[PDB]
Chemist: 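Here's a structure for you.
Just so you know, these numbers use all the heavy atoms, side chains as well, and skip hydrogens, waters and symmetry mates. Proteins come first, then strands; the chains are lettered A, B, ... in the order of their sequence lines, and each starts at number 1.
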Amino acid sequence: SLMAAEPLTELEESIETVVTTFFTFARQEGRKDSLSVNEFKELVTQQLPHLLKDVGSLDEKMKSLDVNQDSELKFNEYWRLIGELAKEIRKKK
Amino acid sequence: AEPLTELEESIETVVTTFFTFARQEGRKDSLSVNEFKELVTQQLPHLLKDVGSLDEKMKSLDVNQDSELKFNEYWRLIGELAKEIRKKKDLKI
Ligand SMILES: [Ca+2]
Ligand SMILES: [Ca+2]
Ligand SMILES: [Ca+2]
Ligand SMILES: [Ca+2]
């Protein structure tokens, strides 16, 4: 495929990175398709230290994002967080 | 000065791409059908390679039917693309 040899656009690569980051952190312990509270804290520390610099308690943040209260953040819950961050970014513009 | 992480820059790129295309014509905070077509063909040529008419896709995204894609409708599209990538990054065997 000719398009297969074309590098991802800057947007496509960014979207893919958002998704890969989730699985990179979610595979560290327990269920591989969900963030434990500790995996979530590592994600924030490692990858979201600036955008979430003023979020306050990460334990509480975990709780608010865990909308189905199952103690884990599956991709859809993680995605909701990314949306919240994107909205904040949109406002700095 | 505190430099962004890979994840943070990726999220920022998704937001800035929207505005880069929305400022072209009419309202600068929303995509006309024409700006949407250019964002897709320019910046989403792989991820939306197998998309049909762009005129219909625009209709599907424009949920409030006002012929403009504001950031939240564009975000819905990003979520869709993210979900598909997610399925690939976490293959069930
Ligand atoms: Ca896990
Ligand atoms: Ca949950
Ligand atoms: Ca516009
Ligand atoms: Ca609309």
Chemist: At what distance, to the nearest 0.5 angstrom, does CG of B/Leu81 lie from CD1 of B/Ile85?
Modeler: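 Between B/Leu81 CG and B/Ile85 CD1, I get 6.5 Å after rounding to 0.5 Å.
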
Chemist: From the options B/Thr16, B/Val15, B/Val14, select the one residue that forms a side-chain contact (heavy atoms from CB on, under 4.5 Å) with B/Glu12.
Modeler: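 Of the listed options, the one satisfying the test is B/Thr16.
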
Chemist: Could you state the interatomic distance from CG (A/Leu58) to CG (A/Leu52), rounded to the nearest 0.5 Å?
Modeler: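 Taking CG in A/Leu58 and CG in A/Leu52, the distance rounds to 7.5 Å.
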
Chemist: To check you understand the geometry: which heavy-atom pair defines the closest contact between A/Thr9 and B/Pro45, and what is its length?
Modeler: CG2-CD, 3.7 Å

Chemist: Between A/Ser36 and A/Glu29, do the side chains contain an N or O donor and an N or O acceptor separated by less than 3.5 Å?
Modeler: yes

Chemist: Between the main-chain N or O of B/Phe21 and the side-chain N or O of B/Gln24, is there a donor-acceptor pair closer than 3.5 Å?
Modeler: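 The answer is yes, because a donor-acceptor pair under 3.5 Å joins these two groups.
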
Chemist: With a 3.5 Å distance limit and no angle check, can you tell me whether B/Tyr74 reaches the backbone of B/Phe36 through a side-chain donor-acceptor pair?
Modeler: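 It does not hold such a pair.
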
Chemist: Does a side-chain N-to-carboxylate-O contact under 4.0 Å join A/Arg27 and A/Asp33?
Modeler: no

Chemist: Tell me if a side-chain donor or acceptor on A/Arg90 pairs with a main-chain N or O of A/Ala86 at a distance below 3.5 Å.
Modeler: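 No, the answer is negative, given that no donor and acceptor are paired below the 3.5 Å cut-off.
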
Chemist: So does B/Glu56 get a backbone contact from the side chain of B/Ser60, meaning a donor-acceptor N/O pair under 3.5 Å?
Modeler: no

Chemist: Indicate the atoms forming the closest heavy-atom contact of A/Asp59 with A/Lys41, along with that distance.
Modeler: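 Scanning both residues completely, I find the closest heavy atoms to be OD1-NZ, 2.6 Å.
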
Chemist: Rounded at 0.5 Å granularity, tell me how far CG in B/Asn72 sits from CD1 in B/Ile78.
Modeler: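 So the CG of B/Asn72 and the CD1 of B/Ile78 are separated by 12.5 Å.
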
Chemist: Does B/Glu6 use its side chain to pair, donor to acceptor, with the backbone of A/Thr17 at less than 3.5 Å?
Modeler: no

Chemist: Assess whether atom CD of B/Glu80 is packed by more than 12 heavy atoms of other residues, nucleotides or ligands within 6.0 Å.
Modeler: yes

Chemist: Are B/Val51 and B/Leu44 connected in a single hydrophobic cluster, I mean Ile/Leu/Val/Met/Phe/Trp/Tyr linked by side-chain heavy atoms less than 4.5 Å apart?
Modeler: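 Yes, because B/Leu44 and B/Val51 connect within a single hydrophobic cluster, where side-chain heavy atoms sit under 4.5 Å apart.
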
Chemist: Parallel under 30°, tilted from 30 to 60°, perpendicular over 60°: which one fits the rings of A/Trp79 and B/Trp75?
Modeler: parallel

Chemist: Rounded to the nearest 0.5 Å, what separates atom CZ in A/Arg80 from atom CZ in A/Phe75?
Modeler: 13.0 Å

Chemist: Just how far is it from atom CD of B/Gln42 to atom CD of B/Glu38, taken to the nearest 0.5 Å?
Modeler: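 Between B/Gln42 CD and B/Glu38 CD, I get 5.5 Å after rounding to 0.5 Å.
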
Chemist: So B/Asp90 and A/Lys32, salt bridge (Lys or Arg N to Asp or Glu O under 4.0 Å) or not? Walk me through it.
Modeler: CA-CA 9 Å; B/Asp90 189 26; A/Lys32 310 222 158 248; over 6 Å; no

Chemist: Around atom CG of B/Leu91, are there more than 12 heavy atoms from other residues, nucleotides or ligands closer than 6.0 Å?
Modeler: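 Yes, enclosed.
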
Chemist: Take A/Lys91 and A/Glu88 through the salt bridge (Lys or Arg N to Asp or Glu O under 4.0 Å) test and state the conclusion after the steps.
Modeler: CA-CA 5 Å; A/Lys91 284 187 356 189; A/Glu88 273 310 306; 3.1 Å; yes

Chemist: Ignoring hydrogens and angles, tell me if any N or O in the side chain of B/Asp62 forms a donor-acceptor pair with the backbone of B/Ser67 under 3.5 Å.
Modeler: yes

Chemist: What are the two closest non-hydrogen atoms of B/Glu68 and B/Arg27, and how far apart are they?
Modeler: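 In terms of heavy atoms, the two residues are closest at CG-NH1, 4.0 Å.
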
Chemist: So, does A/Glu12 use its side chain to make a donor-acceptor pair with the main chain of B/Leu47 at under 3.5 Å?
Modeler: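 Answer holds: yes.
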
Chemist: So do B/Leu77 and B/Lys57 actually touch side chain to side chain, heavy atoms under 4.5 Å?
Modeler: yes

Chemist: With no hydrogens and no angle check, is any side-chain donor or acceptor of A/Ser34 less than 3.5 Å from a backbone partner on A/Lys74?
Modeler: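 Looks like no, no N/O pair under 3.5 Å.
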
Chemist: With rounding to the nearest 0.5 angstrom, report the CG to CG distance, A/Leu65 to A/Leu73.
Modeler: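 If I round to the nearest 0.5 Å, the distance is 5.5 Å.
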
